[PDB]
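So here's one chain in two forms, each on its own in structure tokens, numbered structure 1 and structure 2.
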Structure 1
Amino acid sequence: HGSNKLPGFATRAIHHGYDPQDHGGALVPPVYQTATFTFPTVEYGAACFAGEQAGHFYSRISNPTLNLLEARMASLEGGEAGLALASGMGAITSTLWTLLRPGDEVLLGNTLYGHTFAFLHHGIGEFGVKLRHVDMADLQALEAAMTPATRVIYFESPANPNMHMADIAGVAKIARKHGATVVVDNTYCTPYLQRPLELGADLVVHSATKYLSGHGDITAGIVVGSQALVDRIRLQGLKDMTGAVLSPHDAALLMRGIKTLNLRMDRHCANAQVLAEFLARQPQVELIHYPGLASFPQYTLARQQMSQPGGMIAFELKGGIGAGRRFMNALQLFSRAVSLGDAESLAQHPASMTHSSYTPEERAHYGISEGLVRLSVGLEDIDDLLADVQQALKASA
């Protein structure tokens, strides 16, 4: 019993931070689709530029619809404070622009989302910030790479595109010892499956464009961490260095999506578990990577830090670059698209799609096979998804 008990995840996803009685009984929070806020007095106005008063002035810095979204994402991640941005890249760039100056070093996971890699190497890397890639699964190697200039450790777990994982608590422990800020891109899991801040990370970023929205109709990013770090990112990264302002309309849609997060994630995971087990037994499949199978290289780390194994599958077809094209073109229910976490099931074959400008030789040493297909398993009836994949495997043979 007792009132000091934390409400369950689904309760907070739906209610946290909002009481209808503070807004004329409105069951759904009204949408503050306004660019600016006014003051009753110039002295009240002075107080919102001098930090004496809680309030609002300009939606780029702060907005009540965005604030609700932010406090709710903070609650779900177990962090102190949230920030909502125009995209995942908005969240990532606003964060790193704030935390890094010339001479600082960022240690990076070995593989990264493509635009993240490009921001680092062709963006902030070109402004005097040093980059080093390390296998975050090898704690001994991470420890060895730390220098007094190391300011930020940044990685995804599971990471694009191989679902390589890092031990978050282990990384946090090394960073505590040396003094570095740990940021985890937690897009693939959501706070429903994994909570890096509870494992000792300082900040988490999300492409809310993916599972958090869940419906493929908005682009959005989220940062969650300590009040001090999130405030700094808000007032420097967002306000001055990116201008990546989330529309209140889209923030409201994001909050709508978050109300079913637990139910969608349950189904994404149950469907992908069924597909992965089916695919592991098909003749055309040479290799499958799914965190829910014992064949997964980091099976125990997955079980240890993710409450469920996710909705992403990667597998290799027998027949190389060819067989991929044939599998892909055959799909009738899965769509050929590069994204993830939609209600609609998506499939990509990077060899003949994203990385098709390269030759057979070149995709290696970036972690990309010739028959590597990636699946974002959606919310459709599993039997239809099974049938679609089955029929497409046949055509790929």
Structure 2
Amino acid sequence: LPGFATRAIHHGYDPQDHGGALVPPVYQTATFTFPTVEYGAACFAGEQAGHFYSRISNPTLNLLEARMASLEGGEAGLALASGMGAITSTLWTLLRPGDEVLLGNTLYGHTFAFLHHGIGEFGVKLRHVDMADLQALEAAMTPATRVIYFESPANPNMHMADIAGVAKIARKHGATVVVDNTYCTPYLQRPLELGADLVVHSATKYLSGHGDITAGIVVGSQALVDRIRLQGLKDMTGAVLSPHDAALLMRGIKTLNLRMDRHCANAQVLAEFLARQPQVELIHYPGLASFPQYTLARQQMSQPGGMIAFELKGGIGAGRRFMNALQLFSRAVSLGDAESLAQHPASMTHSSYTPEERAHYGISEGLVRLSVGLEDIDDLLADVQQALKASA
């Protein structure tokens, strides 16, 4: 097996099959033709019996898919228009009325909204459990439990699950494990190598790395991915990825290892700095020894990531003032960009709501989330330092 960086650059492509083109040509074409009629029917007989033919599919998307499957260590990939496209296409395929899905206690907002206000209104039953508590997960299992779905680390506090421990429970009961591996990327964590069946990504974030595309990825077995392609994507969401954007995503993936190394190195320094500041009450970073799941983080993730969450002593007011004071960090809801980003859900995504409603799965008044970018660490430190002064 070539190394990760080699595979991120080369896997699945030989220039000699495309006239020597070092960079694969971009198939910006909505349709492909047939040499004869019966040739065209072999293709569409193939699908609907369950099988996926790679001509009649887009070679640009097929390469992205193959490369992502390689990096995750999985059999098959699927490229979609957004992370939400990946999540919905997957879950719409795998669940029907009467099935139960077991969920991590805290999810990305639109994932939560899709589950509770979307598929959960179509007869699918939902239950949240703490995926770190393997006792409680085992106790929540029923024979109708079809899917276990979580993020690790999860928003907001970077709470982790023991993926291999969850997978053991799933295997005993007969459930499918879907992990949103957006935060880590395959460079830091490979849930399929720990027993998960499927991984989903918002490739909009670190995989792209540059904030210029929206994309999703699914990786898993050929059997599952084919179903998600043929039903979830083709019939239930139509979340088709542009070949232009797939090509830009592959461009980003060529520097994934280098970018993640810098995101993590910057984040570790910033996290250690924040831990020593008088304005800061609590910090959630996997790379600090104080992190409650430090041991599990070191076992499951090869580096502690680019994401930091922390709480300011002065609560929502201090959070607002801190956020407003940032000059180099931008105020924005995304993550995994070259540019450093910050958000303070209490005064941003959840503002008109009351303090008591920010509670059950839970948003601290003072919780700030940082996506630590690729800028010079001294410039980022200076920005954070002044914004902490301004937070009082």
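Every residue number counts along structure 1's sequence, beginning with 1. In this text, rigid core is short for the largest set of C-alphas that superpose within 1.5 Å between two forms.
Rigid-core-referenced C-alpha movement of 2 Å or more between structure 1 and structure 2, selected from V338, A343, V31, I61: It is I61; the other listed residues stay below 2 Å.
If I superpose the two forms on their rigid core, does the C-alpha of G51 end up displaced by 2 Å or more between structure 1 and structure 2? Yes; that C-alpha moves by at least 2 Å between structure 1 and structure 2.
How many angstrom apart are the two C-alpha positions of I382 between structure 1 and structure 2, if you fit on the rigid core? Its C-alpha moves by 0.1 Å once the cores are overlaid.
Let me know the CA shift of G324 between structure 1 and structure 2 in Å, rounded to one decimal, core fitted. Shift of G324 at C-alpha, rigid core superposed: 1.0 Å.
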